[PDB]
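Chain letters run A, B, ... following the sequence lines, proteins first, then strands; residues in each count from 1. Both backbone and side-chain heavy atoms feed into the values below; hydrogens, waters and symmetry mates do not.
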Amino acid sequence: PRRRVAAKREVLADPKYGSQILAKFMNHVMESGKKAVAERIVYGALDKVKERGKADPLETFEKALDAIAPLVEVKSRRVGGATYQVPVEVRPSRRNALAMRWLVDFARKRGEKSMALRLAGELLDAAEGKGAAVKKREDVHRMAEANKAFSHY
Amino acid sequence: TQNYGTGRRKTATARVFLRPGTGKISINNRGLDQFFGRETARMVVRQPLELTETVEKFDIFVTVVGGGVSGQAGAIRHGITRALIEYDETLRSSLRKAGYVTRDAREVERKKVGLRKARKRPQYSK
Amino acid sequence: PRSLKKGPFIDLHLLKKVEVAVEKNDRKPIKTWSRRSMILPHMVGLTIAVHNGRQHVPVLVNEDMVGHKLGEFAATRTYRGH
Amino acid sequence: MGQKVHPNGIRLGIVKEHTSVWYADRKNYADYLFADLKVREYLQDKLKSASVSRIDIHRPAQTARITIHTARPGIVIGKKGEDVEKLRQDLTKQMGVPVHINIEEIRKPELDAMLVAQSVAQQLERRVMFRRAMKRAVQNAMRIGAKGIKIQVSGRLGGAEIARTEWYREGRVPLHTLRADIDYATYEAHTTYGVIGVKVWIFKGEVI
Amino acid sequence: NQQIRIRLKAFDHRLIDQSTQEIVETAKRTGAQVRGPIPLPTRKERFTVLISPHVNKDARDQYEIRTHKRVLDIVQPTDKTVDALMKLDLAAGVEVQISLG
Amino acid sequence: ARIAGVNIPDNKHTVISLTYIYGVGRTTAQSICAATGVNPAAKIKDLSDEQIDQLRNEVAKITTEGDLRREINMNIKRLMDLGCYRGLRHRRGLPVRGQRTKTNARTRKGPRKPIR
Amino acid sequence: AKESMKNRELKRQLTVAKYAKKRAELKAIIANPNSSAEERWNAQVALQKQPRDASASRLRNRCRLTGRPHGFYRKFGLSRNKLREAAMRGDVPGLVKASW
RNA sequence: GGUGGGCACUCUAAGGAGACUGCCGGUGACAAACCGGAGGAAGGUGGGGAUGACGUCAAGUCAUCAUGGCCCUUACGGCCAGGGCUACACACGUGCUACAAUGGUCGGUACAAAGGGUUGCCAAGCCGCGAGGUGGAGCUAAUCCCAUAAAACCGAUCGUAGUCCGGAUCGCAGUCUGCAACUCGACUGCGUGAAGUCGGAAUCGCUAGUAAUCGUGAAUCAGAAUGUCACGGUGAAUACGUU
């Protein structure tokens with residue numbers, strides 16, 4: 001058991017778009033602390049999104065994450081000597097973070113040339129709601145709505 | 001005349017001089033665009049003069065030594081922040097609310113005996 | 001390996017033994033512990049018994065094997081298999 | 001057993017000063033240190049009869065001053081300073097560099113850890129009960145003015161087969177406060193049934 | 001002679017500090033002024049030693065020796081000041097270096 | 001296209017394609033291309049025939065392909081009939097240059113056998 | 001301890017110093033490019049009648065009291081165990097354990 | 001900063017000041033204290049370290065050392081040459097390098113800390129593709145050398161292939177140390193190019209300058225680190241919560 005309040009880390013806004021929402025997306029796509037390398041990916045990705053349709057690469061990011069962020073999720077829970085996967089709502093602080101999770105993870109496993117156009121490829125592919133990250137969202141939503149029997153916390 | 005400030009982030013120290021001028025910068029006799037190839041730190045030097053409206057008010061002379069890429073960026077960033085607090089007195093509250101007067105005390109930890117690095121202890125088998 | 005500027009290294013007691021042997025043509029085995037001496041071009045035809053830790057293994061000198069070490073032709077460890 | 005670091009070492013820069021106070025750079029550093037520990041071994045080797053506790057060795061430029069603390073200076077010094085001249089002759093040839101011998105009188109032998117360890121170990125060599133040796137030692141320090149003393153002895157006590165560790169402590173023995181001055185010393189007693197180790201802590205007060 | 005320089009090294013900073021001040025005190029009152037005691041960076045040599053006689057690699061003690069250095073330059077050394085300083089009889093644990101006269 | 005009897009890749013740079021030849025490394029391909037004048041960074045399709053022949057000449061003066069494999073096998077053979085230590089390791093397939101041979105040693109022996 | 005190794009090491013120590021200045025200058029001829037063949041051969045011959053104890057590579061640098069050959073430090077010339085007991089007592093000057 | 005020059009600044013190393021729930025609001029037996037705020041570089045023992053209570057495992061160390069008893073006295077003591085401690089049908093533990101384009105290669109171009117150096121550090125210059133050789137400045141060192149930080153950034157190329165990924169392995173020819181690189185060193189160049197395309201059950205480390213990644217120095221040391229110790233660069237995720 002713990003008594004700690006953990007820690008409240010703050011993220012500074014991105015320098016090219018003035019949106020802290022991209023800052024945690026940058027914070028998510030990180031590998032080995034290479035800040036400069038990864039930010040070259042998103043801006044190149046956002047240029048690809050902007051160059052292919054749309055009007056602003058920042059607003060389709062907003063459109064992308066809601067289609068990825070689930071509204072409910074189960075967790076392993078033991079009450080009566082057995083595991084009951086009680087579906088629980090996802091808090092606003094976690095839904096966007098896990099939205100940033102599933103965009104990079106499934107785009108990393110795509111077959112496109114480089115991540116620069118691979119996260120970009122998923123960005124519009126997820127904004128319209130027909131991508132694998134969108135697919136992963138609904139099966140989690142499929143995991144719930146079937147275990148609805150267990151609703152005690 | 002000139003206004004001086006000293007800033008340190010990890011191991012670097014910056015000496016900034018806020019003499020009156022138009023808008024120019026000078027870090028180790030080189031400009032902001034040429035010294036620092038990453039545009040993120042280019043805000044880091046200039047966020048302090050954007051929150052307080054002084055973007056075009058001085059030709060700031062800066063020298064730095066030690067640290068690294070971001071380490072110098074924070075050290076120079078802490079550099080000007082004290083200088084406006086030296087240049088005037090009403091910007092202390094505005095800069096403090098943004099967390100700029102505070103010196104970042106975070107540094108690299110001491111490597112540990114029996115430890116590969118900070119807190120990672122070697123893999124063990126039962 | 002050994003530097004060329006330093007020249008190749010052979011023990012002089014062996015060098016005495018080889019020089020005596022060639023001028024004598026004894027053809028008898030040369031019993032030595034100096035496995036580290038380089039192989040001269042000019043004991044071809046002589047046989048040398050090189051120590052391997054317990055015994056002196058007789059080795060016959062050819063031209064293809066000139067330039068090696070005397071210990072390369074005297075195995076010091078016995079496996080025989082598992 | 002490895003819980004406690006040496007009480008004097010933990011305070012070697014706070015309240016305790018090094019026995020050897022000198023400077024050397026690389027190789028004279030190696031030779032000088034070997035000279036100190038050997039003659040320190042030698043100094044205790046000759047005057048075990050004398051009550052020798054601390055051997056300070058001060059080395060100014062190309063000269064060495066040996067400072068010996070004794071609780072009975074009448075033995076190290078001879079007839080009108082005759083014996084002491086004899087000792088200064090075999091250090092000044094063992095060390096090389098000339099040696100000047102300074103002798104000080106230890107006012108309270110019972111307040112010094114070395115002699116208390118010396119007294120207990122020497123008594124234990126005479127097969128006196130280990131219990132009585134320690135009780136006498138601790139009250140002697142307590143009555144004279146010590147504010148805390150702990151004495152520990154281990155190893156085949158009383159001729160027993162199984163060794164044990166029995167310790168008596170009176171007053172306050174912090175051993176954790178760096179500012180507090182602690183006097184600590186160890187002696188190994190070589191009885192007929194093995195080696196008997198003696199540990200003595202003497203607390204003299206807070207250093208403010 | 002001309003800008004006498006001395007070099008002071010000690011394992012204890014307190015020993016070197018008192019040594020500098022007495023050199024300053026013997027420098028003043030004799031018609032000469034001191035540039036000041038220049039703090040030279042401290043050199044410490046580190047040694048990692050294992051404290052167990054057998055095995056137990058993780059049990060170690062970290063040791064240090066502190067090398068403190070000062071420059072303490074002397075300007076306009078008077079003739080009655082130059083011969084009042086080399087005959088100093090002090091600094092058992094400190095070594096005094098005489099340079100530039 | 002065909003150099004020293006081996007078809008090098010056609011859709012790759014000259015300095016990289018030449019490496020396919022048994023006996024030509026990155027430096028040798030760089031050395032060959034510098035001695036002939038053919039630029040490293042052009043694909044094989046857009047080099048003229050006379051420059052293919054010129055590149056063919058440079059490789060031929062270098063021991064390559066079969067003769068290099070021919071050359072290597074005596075050097076191994078000359079050892080194992082010699083009976084020395086290095087030859088003996090060559091006839092059993094163990095560390096030749098004094099490798100550990102205790103734990104891994106599996107570039108040589110191939111795979112691990114079940115029965116211990 | 002094992003004083004016989006202590007006797008061996010001191011015997012080696014006396015031999016290296018005895019042939020130090022001969023072995024050094026003979027090695028100089030070998031390493032000097034100006035000294036050509038038929039005289040470098042004389043030089044490389046001159047090393048090998050030396051007792052073979054004159055090589056500085058044959059020293060183990062044991063402890064000064066106990067002669068332990070593993071836990072040695074050249075700065076103090078002492079074994080690691082004798083290091084800590086000497087450092088603990090304040091015998092070695094200025095060594096105070098570290099914290100930072 | 002190289003020359004005068006200055007004692008401003010960094011920095012250096014000695015004293016101090018500063019953080020003490022000190023003040024305010026709320027809660028709390030009015031008490032301890034808790035929850036926030038102001039100020040402040042630092043706010044709640046600010047961070048890290050040293051520090052390991054009485055005791056437990058007849059835990060380990062007779063091979064650091066000392067030590068009771070026992071054991072040998074032409075040997076269970078000593079010297080020397082060679083060999084072995086490095087073998088190798090396998091298994092286990094701990095690390096390094098990889099499976100790649102958040103990358104390889106080429107070129108340009110920056111930003112550290114720390115340590116070592118007179119039985120030593122081996123500068124400039126010259127020679128060699130290279131490891132290295134010659135050369136000998138300066139330095140008992142904030143002075144000179146080790147000493148070029150690397151990731152990062154900017155352009156070109158490679159275009160998803162067992163490949164311009166990988167560099168284990170073998171062959172040739174060398175450099176350095178050392179009396180002597182066979183057994184049994186490191187490094188270099190030219191060749192070759194293995195398994196490996198993300199890894200089962202199971203299992204481990206990590207809460208902030210942390211994990212992850214990238215270099216650097218030291219000890220031991222004639223020569224011999226992927227191990228140990230130490231330093232800095234870029235730099236996170238997550239903690240709903242105690243079943």
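The residue G/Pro33 sits close only to the backbone: its heavy atoms come under 4.0 Å of sugar-phosphate atoms, none of a base. If you check every strand for non-hydrogen atoms under 4.0 Å, B/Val64 touches nothing. Residue contacts for E/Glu45: at a heavy-atom cut-off of 4.0 Å it reaches the sugar-phosphate backbone alone, with no base atom in range.
Rounded to whole Å, the P atom of H/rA131 lies 25 Å from the corresponding atom of H/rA110. Between the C1' atoms of H/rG49 and H/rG69, the separation comes to 46 Å (whole Å).
Anti is the conformation of H/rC158, whose glycosidic angle sits further than 90° from 0. Anti is the glycosidic conformation of H/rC79, whose angle departs from 0 by more than 90°. For H/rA137, the glycosidic angle deviates from 0 by 90° or less, giving a syn base. An anti base is found at H/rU143: its glycosidic angle is more than 90° from 0. The glycosidic torsion of H/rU51 lies more than 90° away from 0, placing the base in the anti range.
At H/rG209, none of the side-chain N or O atoms of B/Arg119 fall inside 4.0 Å of OP1 or OP2 (strictly under the cut-off). Distances shorter than 4.0 Å separate none of the side-chain N or O atoms of D/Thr192 from OP1 or OP2 on H/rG68. Under 4.0 angstrom from either OP1 or OP2 of H/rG15 there lies at least one side-chain N or O belonging to E/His13. The shortest distance between the side-chain N/O atoms of E/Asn56 and the OP1/OP2 oxygens of H/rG60 is not below 4.0 Å. At the phosphate of H/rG78, OP1 or OP2 sits under 4.0 Å from a side-chain N or O atom of G/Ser4. Within the 4.0 Å cut-off from OP1 or OP2 of H/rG159, at least one side-chain nitrogen or oxygen of F/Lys12 is found. A sub-4.0 Å separation between OP1 or OP2 of H/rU10 and a side-chain N or O of B/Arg15 is absent. Neither OP1 nor OP2 of H/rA14 sits under 4.0 Å from any side-chain N or O of E/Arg14. Distances shorter than 4.0 Å separate none of the side-chain N or O atoms of F/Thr27 from OP1 or OP2 on H/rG189. Contact check, D/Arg169 against H/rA53: no side-chain N or O comes under 4.0 Å of OP1 or OP2. Within the structure, every side-chain polar atom (N or O) of G/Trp100 is placed at least 4.0 Å from both OP1 and OP2 of H/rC229. For F/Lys102 and H/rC85, the shortest distance from a side-chain N or O to OP1 or OP2 is not below 4.0 Å. When the side-chain nitrogen and oxygen atoms of C/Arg35 are compared with OP1 and OP2 of H/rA180, none of them lie within a distance under 4.0 Å. Contact between the side-chain N/O atoms of G/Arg8 and the OP1/OP2 oxygens of H/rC79 is found at a separation under 4.0 Å.
Residue-to-nucleotide contacts include no donor-acceptor pair under 3.5 Å from the side chain of B/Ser125 to the base of H/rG93. Side-chain N/O atoms of F/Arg97 and base N/O atoms of H/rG171 include a donor-acceptor pair closer than 3.5 Å. F/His13 contributes a side-chain N or O that forms a donor-acceptor pair with the base of H/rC164 under 3.5 Å. Judged by distance alone with a 3.5 Å cut-off, a donor-acceptor contact links the side chain of G/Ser57 to the base of H/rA222. On a pure distance criterion of 3.5 Å, no polar donor-acceptor pair joins the side chain of B/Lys111 and the base of H/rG49.
The torsion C1'-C2'-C3'-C4' is the criterion here, and for H/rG193 it is negative, giving a south pucker. At H/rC88 the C1'-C2'-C3'-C4' dihedral is negative, so the sugar adopts a south, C2'-endo-type conformation. Nucleotide H/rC57 carries a north-puckered sugar, as indicated by a positive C1'-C2'-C3'-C4' torsion. With respect to the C1'-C2'-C3'-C4' torsion, H/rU118 shows a south sugar, the value lying on the negative side. For H/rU163, the sugar pucker falls south, since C1'-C2'-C3'-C4' comes out negative.
Judged by the 3.5 Å cutoff on both pairing distances, H/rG128 and H/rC179 do not qualify as a Watson-Crick or G-U wobble pair. Pairing check for H/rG83 against H/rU238: the Watson-Crick or wobble criterion is not satisfied at the 3.5 Å limit. Taken together, H/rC20 and H/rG43 qualify as a Watson-Crick or G-U wobble pair under the 3.5 Å criterion applied to both distances. H/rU163 and H/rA186 are not base-paired: they meet neither the Watson-Crick nor the G-U wobble geometry with both distances under 3.5 Å. Between H/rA212 and H/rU234 there is a base pair of the Watson-Crick or G-U wobble kind, both donor-acceptor distances falling below 3.5 Å. Nucleotides H/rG22 and H/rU109 fail the pairing criterion: they make neither a Watson-Crick nor a G-U wobble pair with both donor-acceptor distances under 3.5 Å. Pairing status of H/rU21 against H/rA173: not a Watson-Crick or G-U wobble pair with both distances under 3.5 Å. For the criterion of Watson-Crick or G-U wobble pairing, both bonds shorter than 3.5 Å, the nucleotides H/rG138 and H/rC121 count as partners. Here H/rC165 is matched with H/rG196 as a Watson-Crick or G-U wobble partner, both contacts being under 3.5 Å. Judged by Watson-Crick and G-U wobble geometry, where both atom pairs must sit under 3.5 Å apart, H/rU51 and H/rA142 do not count as a base pair.
Residues that satisfy the salt bridge (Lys or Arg N to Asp or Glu O under 4.0 Å) test with B/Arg116, not counting sequence neighbours, are absent from this structure. Residues passing the salt bridge (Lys or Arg N to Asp or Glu O under 4.0 Å) test with D/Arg11: none are found, sequence neighbours excluded.
The aromatic rings of C/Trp33 and C/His51 sit tilted relative to each other, their planes meeting at an angle between 30° and 60°.
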Under a 4.0 Å heavy-atom criterion, the protein footprint on nucleotides 238-243 of chain H, written with B, S and -, is BBBBBB
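Of the candidate nucleotides H/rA41, H/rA87, H/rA180, H/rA41 has the atom lying nearest to any side-chain atom of B/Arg96.
Remark on RNA chain H: of its neighbouring residues B/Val101 and B/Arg121, the 5'-side contact belongs to B/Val101, judged by nearest-heavy-atom nucleotide. Toward the 5′ end of RNA chain H lies the nearest nucleotide of D/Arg26, the other residue of the pair G/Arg23 and D/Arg26 mapping further downstream.
Aromatic ring centres of B/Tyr100 and B/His78: separated by at least 6.0 Å.
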